[PDB]
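Let me begin by presenting the structure, written as structure tokens, before commenting on it.
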Number of protein chains: 2
Amino acid sequence: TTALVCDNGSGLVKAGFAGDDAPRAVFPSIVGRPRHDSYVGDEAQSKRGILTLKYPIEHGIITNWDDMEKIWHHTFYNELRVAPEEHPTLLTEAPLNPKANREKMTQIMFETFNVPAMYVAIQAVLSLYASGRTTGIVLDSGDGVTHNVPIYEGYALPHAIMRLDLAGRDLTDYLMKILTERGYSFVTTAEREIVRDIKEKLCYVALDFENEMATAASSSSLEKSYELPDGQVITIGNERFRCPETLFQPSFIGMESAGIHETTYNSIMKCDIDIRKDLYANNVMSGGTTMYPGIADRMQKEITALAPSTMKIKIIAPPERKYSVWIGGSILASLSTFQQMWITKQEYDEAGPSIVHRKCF
Amino acid sequence: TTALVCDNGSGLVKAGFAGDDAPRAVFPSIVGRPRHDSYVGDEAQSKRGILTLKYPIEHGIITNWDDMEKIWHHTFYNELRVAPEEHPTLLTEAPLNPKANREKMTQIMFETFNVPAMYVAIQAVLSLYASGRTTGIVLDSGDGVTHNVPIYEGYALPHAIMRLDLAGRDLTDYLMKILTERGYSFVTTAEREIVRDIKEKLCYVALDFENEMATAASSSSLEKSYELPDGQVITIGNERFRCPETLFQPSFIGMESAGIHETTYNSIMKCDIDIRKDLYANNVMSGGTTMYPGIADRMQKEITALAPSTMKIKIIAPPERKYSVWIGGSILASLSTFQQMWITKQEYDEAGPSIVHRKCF
Ligand SMILES: Nc1ncnc2c1ncn2[C@@H]1O[C@H](COP(=O)(O)OP(=O)(O)OP(=O)(O)O)[C@@H](O)[C@H]1O
Ligand SMILES: Nc1ncnc2c1ncn2[C@@H]1O[C@H](COP(=O)(O)OP(=O)(O)OP(=O)(O)O)[C@@H](O)[C@H]1O
Ligand SMILES: C/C1=C/C(=O)O[C@@H]2C[C@@H](CC[C@H](C)/C=C\C=C/CC1)O[C@@](O)([C@@H]1CSC(=O)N1)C2
Ligand SMILES: C/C1=C/C(=O)O[C@@H]2C[C@@H](CC[C@H](C)/C=C\C=C/CC1)O[C@@](O)([C@@H]1CSC(=O)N1)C2
Ligand SMILES: [Mg+2]
Ligand SMILES: [Mg+2]
Ligand SMILES: [Mg+2]
Ligand SMILES: [Mg+2]
């Protein structure tokens with residue numbers, strides 16, 4: 001009778017119960033199989049030694065359905081320890097998820113896990129809701145994808161969504177590369193996990209990119225120390241802000257794309273004149289890769305440079321924004337008016353999987 | 001871009017545009033065909049002379065689909081003069097309408113009249129909404145059927161709906177019968193229309209049934225005069241309140257059913273204890289046959305006799321209650337939140353007619 005909320009990301013699954021303010025289970029979105037029997041999440045991780053690890057979700061889209069069933073089987077029976085036939089399930093999807101994927105998702109829930117009711121919601125919409133608004137533009141930068149999504153009264157505007165395949169995992173690889181400028185090798189998937197850790201702990205977004213580079217090459221006060229697992233210590237300086245600077249200048253990594261400040265602006269510009277002003281004042285950050293200190297001040301300054309000079313620009317960057325999608329679905333799944341909007345097994349029996357596209361809002 | 005609202009009753013079609021406070025077209029729900037080429041509504045009526053008249057809706061349910069298409073064709077092209085491919089259409093249905101009927105209704109709208117979007121709503125729910133409430137019990141007595149419908153937050157409670165096949169048309173026939181106690185014959189479908197007219201103009205609900213009969217047989221002050229079309233005049237006395245008294249005592253007409261005060265009570269009693277009190281305080285009358293003067297005071301007194309003696313009983317009987325279903329749909333179709341709940345042609349293409357049962361609320 002409690003609803004389950006499951007948020008499937010490229011990197012992490014966040015799953016739990018509606019009514020909570022945090023996912024009970026967060027675990028790597030991976031399936032592992034013997035190098036020449038399958039393991040999931042945290043499982044797969046303890047034995048990575050003798051497995052090939054596969055990610056079933058790439059850039060926010062489900063591409064391996066057999067593995068995804070195993071992530072879902074693990075989520076219900078091992079992580080949450082519930083019987084799925086007893087619980088309405090809310091699932092999340094990427095903006096612009098293909099219609100065919102969303103139907104396949106519905107079919108699996110109903111025919112393989114026998115849920116009484118499910119729903120599929122766009123991630124960025126749930127994060128807007130978790131901030132208390134129904135109109136806004138969300139910047140959702142996770143592990144695999146970054147999406148700008150303008151939303152008006154609860155409804156995502158498909159023609160103005162921007163997709164940038166440049167996310168947290170790319171920033172980790174770019175940190176690996178530049179650290180092997182001050183002499184370090186990382187290269188293995190294990191050492192990659194170490195650099196991911198450094199990234200999350202030491203990196204930050206510089207208020208002015210150049211001046212910051214001038215500073216780091218004039219005093220040792222930006223260097224920080226970091227202990228590796230083998231005991232050895234490493235020093236990190238200018239790499240701390242150069243790594244995330246990539247989101248503002250993708251040419252750092254050889255991509256020809258606009259940075260996250262320009263896609264935000266361009267997405268606002270694909271909207272009707274009569275709401276632009278509401279979008280400028282309600283930019284919401286969401287996802288793990290928006291956690292860098294300085295990123296929200298940085299965003300404010302860049303978007304004010306591009307927008308008409310009299311526009312009121314406000315960046316909202318809540319402290320819980322790494323889980324905001326999940327918390328959004330926790331709130332939504334608890335509303336009594338949401339209860340009539342679940343897709344029930346009866347509705348699916350009578351109409352089949354394409355029922356899933358009548359969102360009801 | 002304006003929505004159409006069409007309310008199909010056993011006797012009258014009420015049709016018009018969302019945003020209005022009254023149906024532009026009210027006309028008899030009849031199809032006429034040459035006694036040995038088809039005519040509708042008011043049409044069929046001017047030539048009844050050489051046609052057989054058929055009612056395609058009986059006791060609120062559509063039973064002749066070919067005729068019903070002609071009522072709908074006439075509604076769009078002759079009465080409202082619009083192109084149906086250009087307008088979302090809201091249709092109404094009886095409580096407990098079979099699933100199969102509602103699908104057939106959807107299929108015709110989409111495949112024969114090519115509407116962009118439609119919706120099918122339960123009549124009694126729209127009348128509740130027109131009174132400004134989302135919780136209440138509606139007594140809807142029309143020409144062909146009477147329905148008691150308890151509704152909690154906008155949703156009709158199917159297991160407590162009561163259906164009584166005793167409505168305005170039966171009261172007309174019973175008035176014909178008792179008038180041929182003071183010497184008058186009516187018998188033909190034309191004279192039936194005359195008695196219907198007398199019914200609507202002269203009849204009323206007595207506050208105490210017996211005392212009223214005692215009164216009419218003690219002074220000529222209750223008789224009223226009525227001019228027939230051929231010039232002759234008729235006198236009506238005790239028949240004025242005996243006719244509608246039938247709704248309270250169906251044995252007047254040989255039926256073994258409970259009266260409208262008992263089905264109301266029984267329907268309230270099939271509900272959960274924790275809302276009964278809200279239903280007792282929000283009884284809404286709706287439909288042509290609730291127009292009799294005195295009926296709402298009458299209802300108050302009868303339901304107070306049956307309910308627990310400390311209950312607060314309130315009867316709401318708005319002046320516009322003969323059109324309240326239509327006005328309900330006029331309001332609903334205008335809400336911006338309703339706009340995402342239309343069934344679109346795309347949704348119907350992908351899922352077919354059984355899409356219609358995902359009500360969204
Ligand atoms: N404090 C932090 N600073 C910078 N990055 C971080 C921080 N915390 C987590 N991240 C990064 O956020 C990413 C995980 O984020 P998230 O759970 O939002 O993504 P996801 O939903 O799995 O993937 P996606 O939305 O791309 O499909 C990882 O790359 C992780 O390193
Ligand atoms: N003032 C009135 N007093 C008594 N009865 C009336 C009055 N006005 C209309 N009626 C009756 O109301 C009936 C028409 O009501 P209405 O339009 O609500 O029914 P309907 O929707 O066609 O049919 P139903 O809901 O049974 O399918 C007719 O029987 C008509 O005689
Ligand atoms: C605390 C934590 C955060 C996280 O987000 O992990 C996701 C999950 C993960 C799966 C692969 C590795 C082997 C496995 C184990 C597990 C652990 C927990 C990881 O690979 C990412 O690391 C990629 C690689 S490098 C990067 O930047 N994203 C992001
Ligand atoms: C002003 C009006 C109200 C009405 O409700 O009519 C509906 C429609 C109607 C159809 C049959 C007759 C021949 C046709 C013509 C038309 C006219 C308009 C009628 O037959 C009813 O009369 C029945 C018969 S007797 C009664 O009580 N209900 C109710
Ligand atoms: Mg995500
Ligand atoms: Mg990879
Ligand atoms: Mg009616
Ligand atoms: Mg008849």
Side-chain angles (χ1 to χ4, degrees), chain A residues 88 97-107 109-110 115-122 125 128-129 133-135 151-159 272 274-275 278 332 334-361, chain B residues 88 97-107 109-110 115-122 125 128-129 133-135 151-159 272 274-275 278 332 334-361:
Chain A
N97 187 32
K99 281 172 113 58
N101 276 34
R102 176 146 89 239
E103 301 171 17
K104 195 130 8 159
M105 186 181 341
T106 298
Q107 189 171 266
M109 280 300 126
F110 280 120
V115 301
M118 43 91 73
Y119 195 84
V120 186
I122 293 171
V125 179
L128 192 63
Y129 283 171
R133 293 158 166 71
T134 47
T135 287
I151 298 155
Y152 173 63
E153 330 282 19
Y155 169 65
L157 303 166
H159 71 280
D272 291 343
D274 79 282
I275 58 151
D278 286 325
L332 181 65
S334 289
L335 303 175
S336 65
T337 68
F338 188 75
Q339 302 319 116
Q340 280 321 309
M341 290 181 177
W342 292 113
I343 300 152
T344 61
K345 198 203 164 50
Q346 183 187 251
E347 290 169 356
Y348 168 83
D349 283 339
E350 266 145 67
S354 62
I355 199 50
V356 69
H357 320 303
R358 156 169 268 252
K359 304 268 234 214
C360 288
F361 87 83
Chain B
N97 187 32
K99 281 172 113 58
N101 276 34
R102 176 146 89 239
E103 301 171 17
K104 195 130 8 159
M105 186 181 341
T106 298
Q107 189 171 266
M109 280 300 126
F110 280 120
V115 301
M118 43 91 73
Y119 195 84
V120 186
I122 293 171
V125 179
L128 192 63
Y129 283 171
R133 293 158 166 71
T134 47
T135 287
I151 298 155
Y152 173 63
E153 330 282 19
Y155 169 65
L157 303 166
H159 71 280
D272 291 343
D274 79 282
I275 58 151
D278 286 325
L332 181 65
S334 289
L335 303 175
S336 65
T337 68
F338 188 75
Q339 302 319 116
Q340 280 321 309
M341 290 181 177
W342 292 113
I343 300 152
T344 61
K345 198 203 164 50
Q346 183 187 251
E347 290 169 356
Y348 168 83
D349 283 339
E350 266 145 67
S354 62
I355 199 50
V356 69
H357 320 303
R358 156 169 268 252
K359 304 268 234 214
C360 288
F361 87 83

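Side chains are part of it too, since the values below use all heavy atoms of this structure and drop only hydrogens, waters and symmetry mates. Proteins get letters first, then strands, A, B, ... in listed order; numbering begins at 1 in each.
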Plane angle bin for A:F361 and A:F338 - parallel if under 30°, tilted between 30 and 60°, otherwise perpendicular: perpendicular
Options A:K99, A:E347, A:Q339, ranked by heavy-atom pairs under 4.5 Å with chain B, top entry: A:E347
Gap between atom CD1 of A:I355 and atom CD1 of B:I355 - 0.5 Å precision: 3.5 Å
B:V120 backbone acceptor or donor facing B:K359 side chain under 3.5 Å: yes
Chain B contact via A:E153 - which portion, at a heavy-atom distance below 4.5 Å: neither
Main-chain N/O of A:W342 paired to B:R358 side chain as donor or acceptor, under 3.5 Å: yes
Residue part contacting chain B, namely of A:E350, when any heavy atom lies under 4.5 Å: both
